Amino acid sequence: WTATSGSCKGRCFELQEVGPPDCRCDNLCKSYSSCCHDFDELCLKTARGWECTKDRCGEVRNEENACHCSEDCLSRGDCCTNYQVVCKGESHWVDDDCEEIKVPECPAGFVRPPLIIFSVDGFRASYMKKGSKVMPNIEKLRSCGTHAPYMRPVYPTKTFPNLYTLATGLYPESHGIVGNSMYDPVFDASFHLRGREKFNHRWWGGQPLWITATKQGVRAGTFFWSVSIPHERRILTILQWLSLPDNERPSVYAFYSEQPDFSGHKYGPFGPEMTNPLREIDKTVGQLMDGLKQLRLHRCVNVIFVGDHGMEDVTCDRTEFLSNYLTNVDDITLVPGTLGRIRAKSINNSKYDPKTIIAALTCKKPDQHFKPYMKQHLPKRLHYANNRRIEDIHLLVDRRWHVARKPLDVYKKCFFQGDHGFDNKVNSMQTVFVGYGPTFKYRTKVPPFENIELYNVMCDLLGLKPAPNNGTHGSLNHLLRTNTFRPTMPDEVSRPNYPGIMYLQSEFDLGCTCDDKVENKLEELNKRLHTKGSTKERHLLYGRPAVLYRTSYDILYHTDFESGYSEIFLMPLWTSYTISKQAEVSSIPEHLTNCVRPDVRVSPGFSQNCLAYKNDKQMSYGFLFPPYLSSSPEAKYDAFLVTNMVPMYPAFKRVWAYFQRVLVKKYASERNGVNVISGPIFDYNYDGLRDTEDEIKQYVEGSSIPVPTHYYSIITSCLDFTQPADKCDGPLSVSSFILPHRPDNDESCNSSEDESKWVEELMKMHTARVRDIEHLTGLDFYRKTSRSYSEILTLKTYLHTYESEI
Ligand SMILES: *[C@@H]1O[C@H](CO)[C@@H](O[C@@H]2O[C@H](CO)[C@@H](O[C@@H]3O[C@H](CO[C@H]4O[C@H](CO)[C@@H](O)[C@H](O[C@H]5O[C@H](CO)[C@@H](O)[C@H](O)[C@@H]5O[C@H]5O[C@H](CO)[C@@H](O)[C@H](O)[C@@H]5O)[C@@H]4O)[C@@H](O)[C@H](O[C@H]4O[C@H](CO)[C@@H](O)[C@H](O)[C@@H]4O[C@H]4O[C@H](CO)[C@@H](O)[C@H](O)[C@@H]4O)[C@@H]3O)[C@H](O)[C@H]2NC(C)=O)[C@H](O)[C@H]1NC(C)=O
Ligand SMILES: O=C(c1ccc2[nH]nnc2c1)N1C[C@@H]2[C@H](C1)[C@H]1CN(C(=O)c3cc(OCC4CC4)c(Cl)cn3)C[C@@H]21
Ligand SMILES: [Ca+2]
Ligand SMILES: [Cl-]
Ligand SMILES: [K+]
Ligand code: NA
């Protein structure tokens, strides 16, 4: 109930929300069915349209008009946006040459440059080039301001998850908006696009920018607009708020357009019907910039033109049906479409079994257009697991496809020709970013970046301290002329030990053997030099990683590799080695096939043992520095040390051996040498963060050897590939991955074939940022380079996507 018989007179688009049953007049009252009786009349005036005409110039103010062309309109803040153009000989903003905005040029009384966020739904990245002819205002912002070729959304590449990520800098698993549609079980409640539940604050976690601003005394325009409020009216309302007295005027505003998403669903991303919605968005930008110019604010406000996700060609005939795979199809509930999420229809059903549902959907048709995952097995770069609203079973759907439960769901629920939601690395899902204004750089292109980074920058633009978030603060400093945040490297928490030779061979009882008893002060001083770190500058090119938590670990030096060996987890946390372009691959000599050697620098009590691997019928082992890449037959013995060994399932050893034997050398050949850092990851609670020892759910049978959930590698070389990786004078280039450590290769439908047909495709899917590995390990990389820290932060957020050119 609302006693909607008060009035909006002098309260139109009021900024403080009123509590029931006093009637509301804010830009969201329609959506709550709570506006005062006279809201349309007073606040949604439409008379005479949105543009001044010659004959309206100097008119007598008629308060009925949607906007004004009267002499007093500028000081009242309510002229039509084209007023000065039509009535005062002025040019449209788009027709003016751009001129560098070196300092903010604001009216007296402005304490900071305002921020206007202009968001556009479904604005795919390639529209910037493909629609350029019809979007002159947008093309001017882009070419004169700061822009990226594209901006990566979050997964799922849906509307609410991405808009709320923009607002909070958090992954959807952390902010809680994990789809356009969701079920929470603690609430026992459902969130839907239509309906009232989506309004309860309990869905919306984190701290969005408007709240961050408000808490720190920066005033915010209300961000959300009722759908029926036309765009011209949203623009005029923003412009009117910008004319409020200093103590009442907000510093941050949002505009939102439903286009081009709305038409894109109907006509597909490049349908001929799409030219008009792009024209109409551009004209709205034009109205904003014209209105700002009239108010002498076009060189004062920072404008962000940003999309939430792109749009792909998707039609009814490209739908996979779970009914074609499953017999129990009514014992399940499917969140369908461009992703799939599956749960049990009834929790009173103890017959329900996820493992047989997964098996029933795995590699069942040759051209199958989705792949099932338990959520913890999804690629870690998606960060899509640590929420009770994300169902244990997930379907990653091929681009251009849908998944549904039964065919009846599709003809009783072809309309649509476009949709979105797919893996956030898919080119069609990429969206846009342009920053224009005194705080952004002038005519500057920046590399593609992720939308989780923008919250920190918007905070910087407004002088706010950001709430804790998933951006890497400083990684987008290169977007900014001023207001940069000067990040600093985290302090190392644990310092390493540097053990020397402290144990005799016979003190070990590990059940390991090696055929290594083949017996010179030339090569004896030399081997001693290597063990003390004489070659360390070669294999550790960016300094040793810092350990950011409390633990006990040793640095171990070798001719070919250096490692930081954990006495707690009984294996390296990291192993670092360089492979030059000229390096040679060799085989494991026959006599050394099962060779494992005690390490006389490390106690029996802090070592793994071979007997546990013998007894564990499921678990085998691999090596972090690969024996295949040894620099000499003598150095090869170092690779068989028990301190270089890690637990590996045989199914996983297929992947790992191919990477180490074939792919490392291929990368060194292609990139002119590479530096590799590899190691284990433990994330048994799938929160994206390093596990403590008490979180480990799996050990090599009968031992305290913990089993990794994943294995990572970070592969760095010179951006200028004419310089070898080990003598690089400038910026670096990196690709990384986090491979799931799985006891089968069910994820790879082609795994019965030779590794050359499936391994690299798997590794591509599990591409990762350095930063993702940092969260998962408590390590901090690139501590000693010749590069500025902000550049290194950019490097750490880089993701190698393997997509073709946009
Ligand atoms: C991406 O960035 C984000 C943000 O920085 C990172 O997320 C943070 O990670 C921290 C570590 O996991 C986490 O810190 C914990 O917070 C607990 C208090 O949490 C509440 O308060 C905060 C602050 O206002 C609030 O933001 C939280 O919001 C969550 O929950 C609400 C509703 O419950 C949601 O609306 C919201 O979306 C959000 O949900 C997300 O996070 C939770 C976890 O909090 C997930 O479960 C959800 O799925 C979802 O992802 C909360 O309202 C605090 O109680 C914790 O303290 C325990 O552990 C510490 C260790 O220091 C220990 O000292 C304590 O003793 C304590 O243990 C006790 O409780 C245990 C659990 O009940 C129990 O087992 C013990 O036996 C003890 O009784 C802890 O400090 C922080 O909350 C989140 N923040 C957010 C917004 O998610 C994220 O990690 C980054 N991701 C990556 C990949 O880097
Ligand atoms: O058309 C859609 C829609 C629905 C389902 C779809 N499937 N596929 N495409 C779809 C498009 N919808 C839903 C709601 C409503 C209409 C729009 C207004 N809204 C906000 O006003 C907002 C703005 C927000 O933030 C804007 C700030 C961050 C910059 C946030 Cl967080 C949430 N909602 C987001 C959209
Ligand atoms: Ca964890
Ligand atoms: Cl969804
Ligand atoms: K075994
Ligand atoms: Na397989």
# chains A, B, ... in the order shown; residues from 1 in each chain; ligands from 1
call {"tool": "closest_atom_pairs", "arguments": {"of": "chain A", "to": "ligand 4", "cutoff": "10 Å", "atoms": "only C-alpha atoms and all ligand atoms", "output": "tab-separated table"}}
result
residue	atom	partner	partner_atom_place_in_ligand_line	distance
A:155	CA	ligand 4	1 (Cl)	9.9
A:156	CA	ligand 4	1 (Cl)	7.0
A:157	CA	ligand 4	1 (Cl)	8.7
A:158	CA	ligand 4	1 (Cl)	6.5
A:159	CA	ligand 4	1 (Cl)	8.8
A:160	CA	ligand 4	1 (Cl)	8.9
A:161	CA	ligand 4	1 (Cl)	8.5
A:177	CA	ligand 4	1 (Cl)	9.2
A:178	CA	ligand 4	1 (Cl)	7.1
A:179	CA	ligand 4	1 (Cl)	3.5
A:180	CA	ligand 4	1 (Cl)	4.2
A:181	CA	ligand 4	1 (Cl)	4.7
A:182	CA	ligand 4	1 (Cl)	6.9
A:192	CA	ligand 4	1 (Cl)	9.4
A:193	CA	ligand 4	1 (Cl)	9.7
A:335	CA	ligand 4	1 (Cl)	6.8
A:336	CA	ligand 4	1 (Cl)	7.6
A:337	CA	ligand 4	1 (Cl)	7.9
A:338	CA	ligand 4	1 (Cl)	8.1
A:339	CA	ligand 4	1 (Cl)	7.1
A:340	CA	ligand 4	1 (Cl)	8.2
A:341	CA	ligand 4	1 (Cl)	8.4
A:390	CA	ligand 4	1 (Cl)	9.9
A:420	CA	ligand 4	1 (Cl)	10.0
A:421	CA	ligand 4	1 (Cl)	7.4
call {"tool": "residues_near_ligand", "arguments": {"ligand": "ligand 3", "cutoff": "6 Å", "atoms": "only C-alpha atoms and all ligand atoms", "output": "PyMOL selection string"}}
result
chain A and resi 683-691
call {"tool": "closest_atom_pairs", "arguments": {"of": "chain A", "to": "ligand 1", "cutoff": "10 Å", "atoms": "only C-alpha atoms and all ligand atoms", "output": "CSV"}}
result
residue,atom,partner,partner_atom_place_in_ligand_line,distance
A:168,CA,ligand 1,86 (C),9.1
A:169,CA,ligand 1,2 (O),8.0
A:170,CA,ligand 1,1 (C),5.6
A:171,CA,ligand 1,1 (C),6.3
A:172,CA,ligand 1,50 (O),8.0
A:173,CA,ligand 1,50 (O),5.0
A:174,CA,ligand 1,50 (O),3.7
A:175,CA,ligand 1,37 (O),4.2
A:176,CA,ligand 1,37 (O),4.4
A:177,CA,ligand 1,37 (O),7.9
A:178,CA,ligand 1,37 (O),9.8
A:186,CA,ligand 1,33 (O),9.8
A:201,CA,ligand 1,35 (O),8.6
A:202,CA,ligand 1,35 (O),6.3
A:203,CA,ligand 1,35 (O),6.3
A:204,CA,ligand 1,35 (O),5.8
A:205,CA,ligand 1,37 (O),3.6
A:206,CA,ligand 1,86 (C),4.4
A:207,CA,ligand 1,86 (C),7.6
A:380,CA,ligand 1,93 (C),9.0
A:381,CA,ligand 1,93 (C),9.1
A:382,CA,ligand 1,93 (C),9.7
A:383,CA,ligand 1,93 (C),6.4
A:384,CA,ligand 1,93 (C),9.5
A:385,CA,ligand 1,48 (O),8.2
A:386,CA,ligand 1,48 (O),4.9
A:387,CA,ligand 1,48 (O),3.5
A:388,CA,ligand 1,48 (O),5.9
A:389,CA,ligand 1,48 (O),7.9
A:390,CA,ligand 1,48 (O),9.0
A:452,CA,ligand 1,1 (C),9.6
A:467,CA,ligand 1,5 (O),7.6
A:468,CA,ligand 1,5 (O),4.2
A:469,CA,ligand 1,2 (O),4.2
A:470,CA,ligand 1,1 (C),4.3
A:471,CA,ligand 1,2 (O),7.9
A:472,CA,ligand 1,94 (O),9.8
A:686,CA,ligand 1,93 (C),9.2
A:687,CA,ligand 1,93 (C),6.3
A:688,CA,ligand 1,93 (C),4.2
A:689,CA,ligand 1,93 (C),5.9
A:690,CA,ligand 1,93 (C),9.5
A:771,CA,ligand 1,94 (O),8.7
A:772,CA,ligand 1,93 (C),6.9
A:773,CA,ligand 1,93 (C),9.5
A:774,CA,ligand 1,94 (O),9.0
A:775,CA,ligand 1,94 (O),5.7
A:776,CA,ligand 1,93 (C),7.8
call {"tool": "residues_near_ligand", "arguments": {"ligand": "ligand 5", "cutoff": "6 Å", "atoms": "only C-alpha atoms and all ligand atoms", "output": "number ranges by chain"}}
result
A: 613-614, 616-620
call {"tool": "residues_near_ligand", "arguments": {"ligand": "ligand 2", "cutoff": "7 Å", "atoms": "only C-alpha atoms and all ligand atoms", "output": "list in words"}}
result
residues 117, 119, 158, 159, 160, 163, 164, 166, 167, 180, 193, 223, 224, 225, 227, 254, 256, 258, 261, 262, 419 and 420 of chain A
call {"tool": "write_last_selection", "arguments": {"atoms": "N, CA, C and O atoms", "output": "mmCIF file, in the first residue's frame"}}
result
data_model
loop_
_atom_site.group_PDB
_atom_site.id
_atom_site.type_symbol
_atom_site.label_atom_id
_atom_site.label_comp_id
_atom_site.auth_asym_id
_atom_site.auth_seq_id
_atom_site.Cartn_x
_atom_site.Cartn_y
_atom_site.Cartn_z
ATOM 1 N N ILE A 117 28.462 8.370 -15.763
ATOM 2 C CA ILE A 117 28.657 7.031 -16.309
ATOM 3 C C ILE A 117 27.520 6.814 -17.352
ATOM 4 O O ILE A 117 26.320 6.836 -17.003
ATOM 5 N N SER A 119 26.023 4.118 -19.519
ATOM 6 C CA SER A 119 26.104 2.689 -19.823
ATOM 7 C C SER A 119 25.154 2.292 -20.936
ATOM 8 O O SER A 119 24.007 2.769 -20.998
ATOM 9 N N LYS A 158 25.871 -11.716 -18.823
ATOM 10 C CA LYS A 158 24.490 -11.289 -18.642
ATOM 11 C C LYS A 158 24.428 -9.865 -18.049
ATOM 12 O O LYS A 158 25.408 -9.352 -17.490
ATOM 13 N N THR A 159 23.224 -9.296 -18.088
ATOM 14 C CA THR A 159 22.955 -7.901 -17.810
ATOM 15 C C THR A 159 23.251 -7.522 -16.370
ATOM 16 O O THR A 159 24.084 -6.663 -16.141
ATOM 17 N N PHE A 160 22.560 -8.138 -15.398
ATOM 18 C CA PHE A 160 22.666 -7.718 -13.992
ATOM 19 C C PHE A 160 24.048 -8.073 -13.405
ATOM 20 O O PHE A 160 24.641 -7.251 -12.698
ATOM 21 N N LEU A 163 26.431 -5.283 -14.936
ATOM 22 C CA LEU A 163 26.206 -3.952 -14.353
ATOM 23 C C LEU A 163 26.582 -3.884 -12.877
ATOM 24 O O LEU A 163 27.155 -2.888 -12.422
ATOM 25 N N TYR A 164 26.299 -4.927 -12.104
ATOM 26 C CA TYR A 164 26.651 -4.820 -10.715
ATOM 27 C C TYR A 164 28.178 -4.975 -10.466
ATOM 28 O O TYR A 164 28.728 -4.374 -9.538
ATOM 29 N N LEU A 166 30.352 -3.708 -12.613
ATOM 30 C CA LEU A 166 30.809 -2.335 -12.903
ATOM 31 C C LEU A 166 30.703 -1.489 -11.669
ATOM 32 O O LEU A 166 31.632 -0.795 -11.298
ATOM 33 N N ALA A 167 29.581 -1.623 -10.965
ATOM 34 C CA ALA A 167 29.306 -0.810 -9.782
ATOM 35 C C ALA A 167 30.153 -1.155 -8.563
ATOM 36 O O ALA A 167 30.307 -0.284 -7.703
ATOM 37 N N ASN A 180 21.049 -13.486 -14.422
ATOM 38 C CA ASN A 180 19.781 -12.724 -14.593
ATOM 39 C C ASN A 180 18.650 -13.417 -13.899
ATOM 40 O O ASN A 180 17.654 -12.794 -13.567
ATOM 41 N N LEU A 193 13.824 -11.734 -13.415
ATOM 42 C CA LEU A 193 13.825 -10.467 -14.152
ATOM 43 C C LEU A 193 12.514 -9.688 -14.003
ATOM 44 O O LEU A 193 12.524 -8.498 -13.677
ATOM 45 N N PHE A 223 20.981 6.219 -9.600
ATOM 46 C CA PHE A 223 21.543 5.514 -10.793
ATOM 47 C C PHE A 223 20.531 4.851 -11.738
ATOM 48 O O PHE A 223 20.814 4.679 -12.943
ATOM 49 N N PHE A 224 19.383 4.443 -11.198
ATOM 50 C CA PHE A 224 18.429 3.622 -11.953
ATOM 51 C C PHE A 224 17.255 4.428 -12.488
ATOM 52 O O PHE A 224 16.742 5.300 -11.778
ATOM 53 N N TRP A 225 16.815 4.128 -13.717
ATOM 54 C CA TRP A 225 15.747 4.894 -14.371
ATOM 55 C C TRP A 225 14.606 3.946 -14.706
ATOM 56 O O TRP A 225 14.840 2.925 -15.334
ATOM 57 N N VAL A 227 11.916 2.170 -16.797
ATOM 58 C CA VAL A 227 12.078 1.879 -18.234
ATOM 59 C C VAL A 227 11.284 2.821 -19.154
ATOM 60 O O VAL A 227 11.767 3.200 -20.232
ATOM 61 N N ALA A 254 24.545 8.482 -13.238
ATOM 62 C CA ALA A 254 24.524 7.383 -14.210
ATOM 63 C C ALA A 254 23.379 7.595 -15.207
ATOM 64 O O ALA A 254 22.268 8.004 -14.822
ATOM 65 N N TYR A 256 21.558 5.143 -18.303
ATOM 66 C CA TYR A 256 21.501 3.772 -18.831
ATOM 67 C C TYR A 256 20.644 3.710 -20.086
ATOM 68 O O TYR A 256 19.525 4.231 -20.093
ATOM 69 N N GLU A 258 18.840 0.882 -22.692
ATOM 70 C CA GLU A 258 18.410 -0.499 -22.992
ATOM 71 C C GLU A 258 18.853 -0.949 -24.388
ATOM 72 O O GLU A 258 18.786 -2.155 -24.727
ATOM 73 N N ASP A 261 21.061 -3.607 -26.865
ATOM 74 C CA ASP A 261 20.627 -4.945 -26.437
ATOM 75 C C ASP A 261 19.207 -5.312 -26.927
ATOM 76 O O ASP A 261 19.006 -6.360 -27.525
ATOM 77 N N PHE A 262 18.246 -4.455 -26.610
ATOM 78 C CA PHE A 262 16.860 -4.689 -26.955
ATOM 79 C C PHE A 262 16.667 -5.109 -28.426
ATOM 80 O O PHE A 262 16.120 -6.175 -28.692
ATOM 81 N N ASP A 419 21.748 -13.219 -28.669
ATOM 82 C CA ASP A 419 21.715 -13.431 -27.215
ATOM 83 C C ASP A 419 23.157 -13.329 -26.698
ATOM 84 O O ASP A 419 24.089 -13.221 -27.499
ATOM 85 N N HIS A 420 23.321 -13.375 -25.381
ATOM 86 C CA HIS A 420 24.642 -13.231 -24.751
ATOM 87 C C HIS A 420 24.590 -14.020 -23.483
ATOM 88 O O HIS A 420 23.515 -14.446 -23.065
#
call {"tool": "residues_around", "arguments": {"residues": "residue 293 of chain A", "least_positions_apart": "5", "cutoff": "9 Å", "atoms": "only C-alpha atoms", "output": "list in words"}}
result
residues 92, 93, 288, 298 and 299 of chain A
call {"tool": "residues_near_ligand", "arguments": {"ligand": "ligand 6", "cutoff": "6 Å", "atoms": "only C-alpha atoms and all ligand atoms", "output": "PDB file with N, CA, C and O atoms, in the first residue's frame"}}
result
ATOM      1  N   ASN A 745      40.602 -37.414 -17.985  1.00  0.00           N
ATOM      2  CA  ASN A 745      40.541 -36.373 -18.987  1.00  0.00           C
ATOM      3  C   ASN A 745      39.167 -36.309 -19.653  1.00  0.00           C
ATOM      4  O   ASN A 745      39.076 -36.036 -20.853  1.00  0.00           O
ATOM      5  N   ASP A 746      38.125 -36.543 -18.870  1.00  0.00           N
ATOM      6  CA  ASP A 746      36.728 -36.442 -19.363  1.00  0.00           C
ATOM      7  C   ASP A 746      36.408 -35.081 -19.991  1.00  0.00           C
ATOM      8  O   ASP A 746      35.627 -34.988 -20.940  1.00  0.00           O
ATOM      9  N   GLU A 747      37.028 -34.031 -19.465  1.00  0.00           N
ATOM     10  CA  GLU A 747      36.837 -32.689 -20.007  1.00  0.00           C
ATOM     11  C   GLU A 747      37.248 -32.622 -21.465  1.00  0.00           C
ATOM     12  O   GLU A 747      36.721 -31.815 -22.214  1.00  0.00           O
ATOM     13  N   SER A 748      38.190 -33.447 -21.893  1.00  0.00           N
ATOM     14  CA  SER A 748      38.655 -33.361 -23.265  1.00  0.00           C
ATOM     15  C   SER A 748      38.094 -34.550 -24.067  1.00  0.00           C
ATOM     16  O   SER A 748      38.575 -35.682 -23.918  1.00  0.00           O
ATOM     17  N   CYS A 749      37.073 -34.311 -24.885  1.00  0.00           N
ATOM     18  CA  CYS A 749      36.406 -35.415 -25.630  1.00  0.00           C
ATOM     19  C   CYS A 749      37.330 -36.171 -26.574  1.00  0.00           C
ATOM     20  O   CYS A 749      37.069 -37.326 -26.882  1.00  0.00           O
ATOM     21  N   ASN A 750      38.380 -35.512 -27.056  1.00  0.00           N
ATOM     22  CA  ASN A 750      39.372 -36.124 -27.931  1.00  0.00           C
ATOM     23  C   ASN A 750      40.555 -36.754 -27.227  1.00  0.00           C
ATOM     24  O   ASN A 750      41.546 -37.016 -27.888  1.00  0.00           O
ATOM     25  N   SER A 751      40.462 -37.015 -25.921  1.00  0.00           N
ATOM     26  CA  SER A 751      41.663 -37.399 -25.167  1.00  0.00           C
ATOM     27  C   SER A 751      42.250 -38.786 -25.496  1.00  0.00           C
ATOM     28  O   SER A 751      43.367 -39.077 -25.109  1.00  0.00           O
TER      29      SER A 751
END
call {"tool": "residues_around", "arguments": {"residues": "segment 559-574 of chain A", "least_positions_apart": "2", "cutoff": "7 Å", "atoms": "only C-alpha atoms", "output": "PDB file with C-alpha atoms, in the first residue's frame"}}
result
ATOM      1  CA  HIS A 530      75.658 -23.879  -8.936  1.00  0.00           C
ATOM      2  CA  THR A 535      73.461 -19.332 -12.183  1.00  0.00           C
ATOM      3  CA  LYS A 536      70.523 -17.732 -10.312  1.00  0.00           C
ATOM      4  CA  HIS A 539      66.796 -18.688 -14.049  1.00  0.00           C
ATOM      5  CA  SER A 552      58.479 -22.232   6.568  1.00  0.00           C
ATOM      6  CA  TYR A 553      60.327 -22.627   3.270  1.00  0.00           C
ATOM      7  CA  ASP A 554      63.803 -23.017   1.735  1.00  0.00           C
ATOM      8  CA  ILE A 555      65.404 -21.596  -1.394  1.00  0.00           C
ATOM      9  CA  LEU A 556      67.083 -24.358  -3.394  1.00  0.00           C
ATOM     10  CA  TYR A 557      69.569 -23.516  -6.167  1.00  0.00           C
ATOM     11  CA  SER A 576      61.758 -20.938 -11.771  1.00  0.00           C
ATOM     12  CA  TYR A 577      63.810 -21.702 -14.917  1.00  0.00           C
ATOM     13  CA  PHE A 606      60.393 -32.560   5.450  1.00  0.00           C
ATOM     14  CA  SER A 607      60.665 -34.752   2.333  1.00  0.00           C
ATOM     15  CA  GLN A 608      58.183 -36.726   0.254  1.00  0.00           C
ATOM     16  CA  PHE A 625      61.521 -28.568 -13.588  1.00  0.00           C
ATOM     17  CA  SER A 630      68.390 -30.365 -18.462  1.00  0.00           C
ATOM     18  CA  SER A 631      71.424 -28.409 -19.737  1.00  0.00           C
ATOM     19  CA  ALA A 635      72.669 -31.399 -14.535  1.00  0.00           C
ATOM     20  CA  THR A 643      62.398 -31.825  -3.709  1.00  0.00           C
ATOM     21  CA  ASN A 644      61.434 -31.254  -7.404  1.00  0.00           C
ATOM     22  CA  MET A 645      58.740 -34.006  -7.296  1.00  0.00           C
ATOM     23  CA  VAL A 646      54.930 -33.373  -7.154  1.00  0.00           C
ATOM     24  CA  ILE A 677      57.606 -20.349 -13.127  1.00  0.00           C
ATOM     25  CA  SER A 678      55.560 -23.439 -12.247  1.00  0.00           C
ATOM     26  CA  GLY A 679      54.003 -24.764  -9.063  1.00  0.00           C
ATOM     27  CA  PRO A 680      51.082 -26.412  -7.307  1.00  0.00           C
ATOM     28  CA  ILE A 705      51.841 -35.225   1.065  1.00  0.00           C
ATOM     29  CA  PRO A 706      48.937 -32.961   0.057  1.00  0.00           C
TER      30      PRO A 706
END
call {"tool": "residues_around", "arguments": {"residues": "residue 507 of chain A", "least_positions_apart": "2", "cutoff": "10 Å", "atoms": "only C-alpha atoms", "output": "MDAnalysis selection string"}}
result
chainID A and resid 503:505 509:510 598 600 603:604
call {"tool": "closest_residue", "arguments": {"among": "A:673, A:633, A:149, A:286", "to": "residue 444 of chain A", "atoms": "only C-alpha atoms"}}
result
A:149
call {"tool": "closest_atom_pairs", "arguments": {"of": "segment 12-33 of chain A", "to": "segment 217-221 of chain A", "cutoff": "10 Å", "atoms": "only C-alpha atoms", "output": "JSON lines"}}
result
{"residue": "A:13", "atom": "CA", "partner": "A:221", "partner_atom": "CA", "distance": 9.5}
{"residue": "A:14", "atom": "CA", "partner": "A:221", "partner_atom": "CA", "distance": 9.4}
{"residue": "A:15", "atom": "CA", "partner": "A:221", "partner_atom": "CA", "distance": 6.7}
{"residue": "A:16", "atom": "CA", "partner": "A:221", "partner_atom": "CA", "distance": 9.6}
{"residue": "A:27", "atom": "CA", "partner": "A:221", "partner_atom": "CA", "distance": 9.9}
call {"tool": "residues_around", "arguments": {"residues": "residue 476 of chain A", "least_positions_apart": "4", "cutoff": "12 Å", "atoms": "only C-alpha atoms", "output": "ChimeraX atom specification"}}
result
/A:146-148,435,440-441,446-458,460-461,471-472,480-487,789-798
call {"tool": "select_by_dssp", "arguments": {"residues": "segment 502-616 of chain A", "states": "strand (DSSP E or B)", "output": "tab-separated table (two decimals) with C-alpha atoms, in the first residue's frame"}}
result
chain	number	residue	atom	x	y	z
A	546	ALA	CA	57.65	-12.97	-2.22
A	547	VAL	CA	55.68	-15.24	0.19
A	553	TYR	CA	60.33	-22.63	3.27
A	554	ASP	CA	63.80	-23.02	1.74
A	555	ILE	CA	65.40	-21.60	-1.39
A	556	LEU	CA	67.08	-24.36	-3.39
A	557	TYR	CA	69.57	-23.52	-6.17
A	562	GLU	CA	65.74	-22.45	-8.62
A	563	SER	CA	62.89	-23.29	-6.29
A	564	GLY	CA	61.17	-22.11	-3.12
A	565	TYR	CA	60.53	-25.44	-1.31
A	566	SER	CA	57.77	-25.56	1.38
A	571	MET	CA	56.98	-29.60	-2.32
A	572	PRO	CA	57.93	-26.39	-4.08
A	573	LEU	CA	55.56	-23.39	-3.90
A	574	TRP	CA	57.33	-22.24	-7.14
A	575	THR	CA	60.07	-23.51	-9.45
A	576	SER	CA	61.76	-20.94	-11.77
A	577	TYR	CA	63.81	-21.70	-14.92
A	578	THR	CA	64.82	-20.09	-18.22
A	579	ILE	CA	64.80	-21.89	-21.60
A	597	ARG	CA	67.06	-38.83	-5.27
call {"tool": "closest_residue", "arguments": {"among": "A:787, A:639, A:626, A:98", "to": "residue 663 of chain A", "atoms": "only C-alpha atoms"}}
result
A:626
call {"tool": "residues_around", "arguments": {"residues": "residue 19 of chain A", "least_positions_apart": "3", "cutoff": "12 Å", "atoms": "only C-alpha atoms", "output": "VMD selection string"}}
result
chain A and resid 1 to 4 16 22 to 26 29 32 34 to 35
call {"tool": "closest_residue", "arguments": {"among": "A:770, A:648, A:138, A:734", "to": "residue 284 of chain A", "atoms": "only C-alpha atoms"}}
result
A:138
call {"tool": "closest_residue", "arguments": {"among": "A:765, A:526, A:78, A:20", "to": "residue 294 of chain A", "atoms": "only C-alpha atoms"}}
result
A:78
